[PDB]
Every structure is written in structure tokens, then in C-alpha cells.
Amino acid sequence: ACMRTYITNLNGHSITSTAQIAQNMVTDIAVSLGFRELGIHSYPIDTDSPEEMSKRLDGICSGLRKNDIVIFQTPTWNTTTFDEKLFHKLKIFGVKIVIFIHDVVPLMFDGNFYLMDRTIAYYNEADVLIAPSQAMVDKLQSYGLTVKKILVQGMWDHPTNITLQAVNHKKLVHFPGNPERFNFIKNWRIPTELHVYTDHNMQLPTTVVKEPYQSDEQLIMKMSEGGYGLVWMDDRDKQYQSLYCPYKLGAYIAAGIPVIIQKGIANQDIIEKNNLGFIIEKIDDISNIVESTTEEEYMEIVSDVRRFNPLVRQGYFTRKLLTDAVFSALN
């Protein structure tokens, strides 16, 4: 008897690896619900003889029993080979398995696609699938994902205790994002200023206020003073990735300010149906609404962000999926 719930969780990354922190946050929610961590360290697999890799995995999995539910946050970023072998280890236990997709590698870019057959093959060894969007599920099914049981994540949480402050109507735009991933910054043409929070040492266009990498808590603290959240991606290419959930979008709303997002985003409806800000087409549509928007137009939009965001702040999108995933994994 006595079933337990385990969740994989990666470790050993740069303190700025967003993938790692996103897994770490989910795992944090998991523990409070009583679930148990399956630690996974990120290392180079080829340093391992198959037998060594095997028994490393036996070490990761030691605690497991015919019994349990395992939540697999994919990918481990130890390359596909690791995910593949991780799963077979899992599948030789008498367990139900939830795969929690954070990224889909063969869809990260064209010509990485070939990995799809392998990927889908191990995706289909799971009993329940949690995907960020309904869109993601539907293309994943277009490549042979057979799994009957599916959950939509909808939106990244952002558990925190930051102080929200009184929010001014500042006609600024926040963007905590590495500039060498998003070209649109280096192209900043507009009279409204782009606050850019980045560790990387360099200089930026004339009305782009470069700001050194703040610790998250402080970042949430500062942004809560006003302005807007920019959710842009990924510059030109890497855009059909209208699939996954942005982590900064959640990071914005938790601060308590409205957001701006480009049309077609994953789980767009959430933003409309909950008031959180504007969905626009071009970068230029934005400048217009930031420049030409009413002060109490802004007043409202905040009041709602802060109405909506205790979900994000106490982590309820995550609680939701970590609970139904399991439930649907039995029933």
C-alpha cells in the first residue's frame, strides 16, 4: 500500500539558468504538498560508461517503490539520451508516470526535428501528460503522441513574498531578458525607454536603460513601482514557439504591474479574460498604447493584476497541475 509521489528536479546549473529555477519552483510547491524530490545533477553523459550511467540512475531512483507516482519534468538538459534512459528506469517500476513538459527539444528549432521520433517514443511511455498550452498538446499529437490523459499548465507561477509598492503610471517598459536572445532590443527605435535587466556587460541603444542583473526579489520589488511588462520573444525566428509559458510574464504580474504581449502567445485568453494588459500585434502598437493611455485606464489594469496575482504568488497554477496530474494518473 502507501503510495508516494516523486518529482524529478535538476541541479548544478548557472544561478541564472531559467530552466533550473522553473523546475526548482515547481519542486518547491511539490514538497509542500508532501511530494518527494528525485534529485538530478546536470553533467556530461559521455563521461559515463553505460553501466555507470545505469547505476547513477539506480541512485537517483533508489527511494522508488511499486507504489508510486513519478513526475518527470522534461527535459533534464542532460540530452535526450538521458531522458530516454531515465524513463526506462522508471518504466521497470510498477508505477504511473506524469511527464511535465517544460521544453520540447525537437521543436526548439528546425533540423533539430529529427529527434522527434525518439522524443515522442519516450513521451508515449507516460500515463499522464502535462503540457504548457493546448497548442503544444495538439502539435505533439500531430507527431504521434498517443497519451490519452492531458493537462494544460496555462501559466508559470511565481511564489514570492516581495513587497508590492504603490504603482505609478510611468510610461516605461520593463524587460528582464538577456539581450542576445532578443534582437528587438538592439533595435530599440522608440522614445519610450526600455529598462533592460541583464548581467551581460555591454552598451545599448540611446533610450534603453541597461540595468545590472537584480536578484529576483528585488526585481519584483522595483518593477512594482510602475510601468509595463514586455513579453516579447524570441526576436524574429524562434517565434512559432507560441507554445510554452513565459517565466517573465509571471514574474511581471507577481510584481503587480500590467503586461504587454505579442498576439498569438500561449494561453492568451488568460490575459484578456483577467484584465492583465494588452495584446498587440507589432512592437509599434505597444508604443502607441503606452504613450496614449489614460491614467485611470492604468489604475484599473493594475488593480486587476493585483486581484489576479495571489494565484501566481501562492503558486496555484502549479498546485493545480501537480494535483490533477496525479489524480488523472489513477482514475
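The first residue of the shown sequence is 1; numbering continues from there.
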query	finding
Comparing 212-220 with 237-245, the one whose average Cα B-factor in the PDB entry is higher	237-245
Average Cα temperature factor in the PDB entry - higher stretch of 76-84, 195-203	195-203
Peak C-alpha temperature factor (PDB record), options 62, 293, 27, 54	293
96, 149, 139, 102, ranked by C-alpha B-factor: the highest one	139
Lowest, middle or highest third - CA B-factor, residue 127	middle
Third of the chain's Cα B-factor distribution that residue 116 belongs to, per the entry	middle
Relative C-alpha B-factor of residue 329, binned into the chain's lowest, middle or highest third	middle
Entry-reported Cα temperature factor of residue 19, expressed as the chain third it lands in	middle
Chain-relative CA temperature factor third for residue 262	highest
